[PDB]
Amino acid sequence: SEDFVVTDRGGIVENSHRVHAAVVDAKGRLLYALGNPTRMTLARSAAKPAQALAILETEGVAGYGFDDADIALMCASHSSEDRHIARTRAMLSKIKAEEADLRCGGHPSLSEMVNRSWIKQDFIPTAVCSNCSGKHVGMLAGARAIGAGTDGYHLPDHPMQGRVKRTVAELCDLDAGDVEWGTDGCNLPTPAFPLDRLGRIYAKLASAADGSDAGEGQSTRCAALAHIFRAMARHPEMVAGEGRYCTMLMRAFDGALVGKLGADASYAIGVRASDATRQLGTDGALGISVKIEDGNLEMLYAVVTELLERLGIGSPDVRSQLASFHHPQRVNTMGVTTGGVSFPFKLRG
């Protein structure tokens, strides 16, 4: 099916971007789709909650005293704000590691205002500034916890990566051979699986949170999932930072969902049971996964907000906090409005 977000200058088509989306229930049954909802998709940072699970399920990790903020950073593509780097350093301290132990590299900040601040001060970002720094410290913590040694914690043949590989396939309900692996910008293995399975991970996150809240019997696995949901909802500034879609989405909704960006314009949302989900004809939590085929971030945020509006997730009041993402500014160097965005797609049911 033929689903585009379209940008226009004076009603004249500028760019068009192909949209894929899956809305799934708690068991990962497909409720709603755009484009191809099973598109083989690199989840990139959208997978970090599942990598966080592998760290949290590593024997001895509880001993380090990681708090909800720390777990939030494990789940983060953060903007590398001073407060992100400070929490990375404090997490290194809790496991008696140093920055030299990190196998991720510096890069320009995911926030242009942070990056401009760095440029002004001639600052060259190092390992500790990685958007992925919290995940790498988690991996160091897991490595040391089982006495596997911290050297090579990032390599596919290290037991930490064997744990991550198994945990991703389990959460997706996939055989090992159905998950493909490349290398991320931060130099860890990174999975690809059908986009609907990314929605399933986040439906299980939200369903865990629901199960915890309703005093139900839970595996250690569901209890860990609910703790990850809780940490992301509680400290959304650690997951992203000031002005970032994921932070403003999670603050607007105040514990009702979690949202996570993946690089090259993936998005995942886990939504707790609500009048909205019941309305959509499911009894449980749901998951939403989205890919912009061509990788455009600005179009991703526009489409995710349009999707929430079409699914009736939130009130119009809540969703209005995301107005500048939904209909991004199309204004020239002289303050004249030159065009906008349109959403000529229909959700299939």
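The numbering used is simple: start at 1 and walk along the sequence shown.
> Got a sec? Mean C-alpha B-factor, which is higher, 33 to 41 or 309 to 317?
Averaged over C-alpha atoms, the B-factors run higher in 309 to 317.
> Compare the mean C-alpha B-factor of 211 to 219 with that of 148 to 156 as given in the PDB entry, and name the stretch with the higher value.
Mean B over CA atoms: larger for 211 to 219.
> Going by the deposited entry, which of 288, 300, 55, 62 has the highest CA temperature factor?
Highest C-alpha B-factor among the listed residues goes to 62.
> Say you rank 161, 247, 93, 133 by Cα B-factor from the PDB entry; which sits at the top?
That would be 93.
> Check where residue 278 lands among this chain's C-alpha B-factors and tell me if it's the lowest, middle or highest third.
Highest third of the chain for residue 278's C-alpha B-factor.
> Ordered by C-alpha B-factor within the chain, which third holds residue 49? Give me lowest, middle or highest, please.
Its C-alpha B-factor, which the entry lists for residue 49, ranks in the middle third among residues of this chain.
> According to the PDB entry, is the CA B factor of residue 97 in the bottom, middle or top third of its chain, that is, lowest, middle or highest?
CA B-factor rank for residue 97: highest third.
> Within this chain's modelled residues, let me know which third the CA B factor of residue 342 belongs to: lowest, middle or highest.
Its C-alpha B-factor, which the entry lists for residue 342, ranks in the middle third among residues of this chain.
> Compare the C-alpha B factor of residue 329 with those of the other modelled residues in its chain, then answer lowest, middle or highest third.
For residue 329, whose C-alpha B-factor we compare with every modelled residue in the chain, the answer is the highest third.
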